[PDB]
Amino acid sequence: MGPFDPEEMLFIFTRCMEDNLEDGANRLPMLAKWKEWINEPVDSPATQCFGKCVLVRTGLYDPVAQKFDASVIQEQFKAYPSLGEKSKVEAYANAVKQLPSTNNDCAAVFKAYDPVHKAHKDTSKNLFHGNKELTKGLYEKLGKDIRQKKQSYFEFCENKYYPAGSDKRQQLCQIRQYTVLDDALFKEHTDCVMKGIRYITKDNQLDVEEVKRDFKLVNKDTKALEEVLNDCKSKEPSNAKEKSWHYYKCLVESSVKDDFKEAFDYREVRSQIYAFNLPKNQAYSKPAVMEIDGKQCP
Ligand SMILES: CCCCC/C=C\C\C=C/C=C/C=C/C[C@@H](O)CCCC(=O)O
Ligand SMILES: [Cl-]
């Protein structure tokens with residue numbers, strides 16, 4: 001869960017928008033409002049479910065407890081003291097703490113939170129990487145250590161572990177062709193990628209629904225995928241930091257390898273622009289069937 005860096009928030013915001021924007025006439029108007037932290041129209045199921053989505057993904061609404069949880073606010077402020085004034089952060093947390101228990105449906109959650117949203121908008125916006133001026137400064141500070149806006153997540157990880165100008169860079173020739181290397185560096189790199197596309201959670205758990213989501217987006221059935229993942233899970237290593245590499249290796253070597261490569265390739269494309277599908281859903285077309293930094297691969 002929390003605290004969340006700017007990329008983690010951008011992932012949450014864009015996924016929740018992608019999953020909840022209407023199709024059709026209201027899509028761009030809605031997007032225009034939500035992008036500016038205007039949770040309107042309030043009577044629209046799309047807006048209500050978008051709001052609940054963000055609240056659930058951040059942990060501000062806990063659908064198991066059917067309660068709001070101000071803890072993430074305190075965790076967020078602890079991580080980013082520059083993004084809040086203590087008294088205003090406390091006021092916001094207190095507003096959340098004092099919300100009643102609330103049923104786990106979009107309308108109820110949205111209705112309950114909306115008064116807090118409006119009364120604490122700038123506090124919440126600033127704290128949760130919604131302020132373009134503040135976030136720009138953070139991205140600049142973090143530089144190569146975080147995935148930047150409009151940057152392929154795969155490129156981010158490659159640049160960290162196989163940096164240009166190093167003797168390791170050449171290994172991308174094989175890595176990009178789904179060669180599964182065995183060394184500690186590759187296991188770490190693969191952890192970077194698998195966590196970056198959310199196939200593996202922050203606490204090293206397989207997220208089967210995320211993998212399935214990417215198969216559906218390339219028109220592939222998910223039953224055989226689930227069966228393969230079930231088999232892979234039965235052979236999970238005890239060491240949590242090898243779990244990303246385990247599942248990557250297992251998938252690449254499995255009876256769904258070609259569908260997996262297709263899904264993973266398209267995910268890399270979409271990872272380049274988190275808002276990929278926001279202005280309108282894009283239809284997938286399989287790219288037609290090597291160089292690294294313009295240099296030809298052996
Ligand atoms: C976690 C507090 C919010 C819960 C209330 C529900 C939804 C938030 C409302 C709108 C979210 C809009 C997200 C817009 C993204 C935008 O602010 C990111 C800009 C920062 C950047 O460009 O780097
Ligand atoms: Cl982006």
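Start at 1 with the first residue, then count along the sequence. Whatever order the structure lists them in is the order used to number ligands and atoms, beginning at 1.
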Checklist entry - Which of the atoms of ligand 1 are close to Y139, meaning less than 4.0 Å from one of its heavy atoms? => result 23 (O)
Item to check | N/O donor-acceptor pair under 3.5 Å between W34 side chain and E40 backbone | outcome: yes
Checklist entry - Hey, is NZ on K88 packed in by over 12 heavy atoms from elsewhere, all under 6.0 Å? => result no
Item to check | Distance from atom 3 (C) of ligand 1 to nearest protein heavy atom, with residue and atom | outcome: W37 CZ3, 3.9 Å
Next on the checklist: Just to confirm my output: which protein heavy-atom neighbour is closest to atom 1 (C) of ligand 1, and how far is it?
Outcome noted: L60 CD1, 3.5 Å
Checklist entry - With a 4.0 Å heavy-atom cut-off (strictly under), which part of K149 contacts ligand 1: side chain, backbone, both or neither? => result side chain
Checklist entry - Counting each atom of ligand 1 from 1 as listed, which ones have a heavy atom of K35 under 4.0 Å away? => result 14 (C)
Checklist entry - When rounded to the nearest 0.5 angstrom, what distance separates CG in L10 from OG1 in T135? => result 9.0 Å
Item to check | Protein heavy atom at shortest distance from atom 5 (C) of ligand 1 | outcome: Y113 CE2, 3.5 Å
Next on the checklist: Given the ring of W37, does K121 sit roughly above its face, with NZ or CZ under 6.0 Å from the centre of the six-membered ring and within 45° of the axis?
Outcome noted: no
Next on the checklist: Which of the numbered atoms in ligand 1 are under 4.0 angstrom from any heavy atom belonging to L55?
Outcome noted: 4 (C)
Checklist entry - Just wondering, are more than 12 heavy atoms of other shown residues or ligands nearer than 6.0 Å to CD in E291? => result yes
Next on the checklist: As an exercise, identify every atom of ligand 1 less than 4.0 angstrom from a heavy atom of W34.
Outcome noted: 10 (C), 11 (C), 12 (C)
Item to check | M17 touching ligand 1 at heavy-atom level, < 4.0 angstrom | outcome: yes
Checklist entry - To the nearest 0.1 Å, how far is atom 15 (C) of ligand 1 from its closest protein heavy atom, and which atom is that? => result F13 CD1, 3.6 Å
Item to check | Check: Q174/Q170 side-chain N/O donor and acceptor closer than 3.5 Å | outcome: no
Checklist entry - Centre of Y199's six-membered ring, under 6.0 Å away, within 45 degrees of the axis: is that where NZ or CZ of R213 sits? => result no
Next on the checklist: Within the structure, is a non-hydrogen atom of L10 found at a distance of less than 4.0 Å from ligand 1?
Outcome noted: no
Next on the checklist: If you count heavy atoms of other groups shown closer than 6.0 angstrom to NZ of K111, is the number above 12?
Outcome noted: no
Checklist outcome for this item: atom 9 (C) of ligand 1: closest protein heavy atom, distance to 0.1 Å, is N39 OD1, 3.4 Å
Next on the checklist: Under a 4.0 angstrom heavy-atom cut-off, which atoms of ligand 1 come close to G130?
Outcome noted: 17 (O), 19 (C)
Checklist entry - Taking the six-membered ring of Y266, is the NZ or CZ of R270 close enough (under 6.0 Å from the centre) and on axis enough (within 45°)? => result yes
Next on the checklist: List ligand 1 atoms under 4.0 Å from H129, heavy atoms only on the residue side.
Outcome noted: 18 (C), 20 (C)
